[PDB]
Each structure stands twice: as C-alpha cells, then as structure tokens.
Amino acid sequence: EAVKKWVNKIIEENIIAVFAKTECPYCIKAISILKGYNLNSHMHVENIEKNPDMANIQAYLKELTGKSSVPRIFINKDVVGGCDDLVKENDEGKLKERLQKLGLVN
C-alpha cells in the first residue's frame, strides 16, 4: 500500500513524471527531450535505484505500464512509456499535441 501510494503521489502531483535510475542513458535522453520543451517547472524525476524499495516500485510501474524498466514516463497521469515511446511521439507530432492540450507549449 505504502509504495503504491508514494508512486501515485509522484504521478498525480506532477504533470510530467519520470521514473529513472543512476547512469541511465535512455533516462538522460528522455529527460533532456522533455526539458527541451521547457517543461522543467512541471517535471519531477525520481531516481528509483537510490531507494530501498526499487523492486516494489518497478513491479508497480509494470502493473501500470506493462514494463518494469526505466525510464518510465507519465504525462498528466497518462502512460507515455519509455524513451523509445517518447521518441516516437516526438517524431510523429503526438508529444507536441499532448503538451498543447495541457497549455504547456503554445
């Protein structure tokens, strides 16, 4: 219960929520893509490796998204997925549409 409530708070209190780990190139790439949209004011990055309950967190993220791997990316509580998913959305215009509907980009 405690771990799920903690993850839920991160997802629900930040429009852009990224679960990451230490020295994680696709985490770094995904976060940098998001910051390139000037999203930092509404972003939260949680390093779940530096956490005693990493496995519980990962299992819950898999229950929510289908994968336990990081990065795990949510936008307004909707599942984006990993960095490859973000790259697909970015390249195909979906990421910008998402952010426009939230008022985060013009």
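The numbering used is simple: start at 1 and walk along the sequence shown.
K.L.:
Name the higher of the two by mean Cα B-factor in the PDB entry, 94 to 102 versus 20 to 28.
P.N.:
Looking at the recorded C-alpha B-factors, 94 to 102 comes out higher on average.
K.L.:
Going by the entry, which third of its chain does the Cα temperature factor of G36 land in?
P.N.:
It falls in the top third of the chain.
K.L.:
Which third, lowest, middle or highest, does the C-alpha temperature factor of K77 belong to within its own chain?
P.N.:
Middle third.
K.L.:
Taking the chain's C-alpha temperature factors as the reference, tell me which third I11 falls into: lowest, middle or highest.
P.N.:
Highest third of the chain for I11's C-alpha B-factor.
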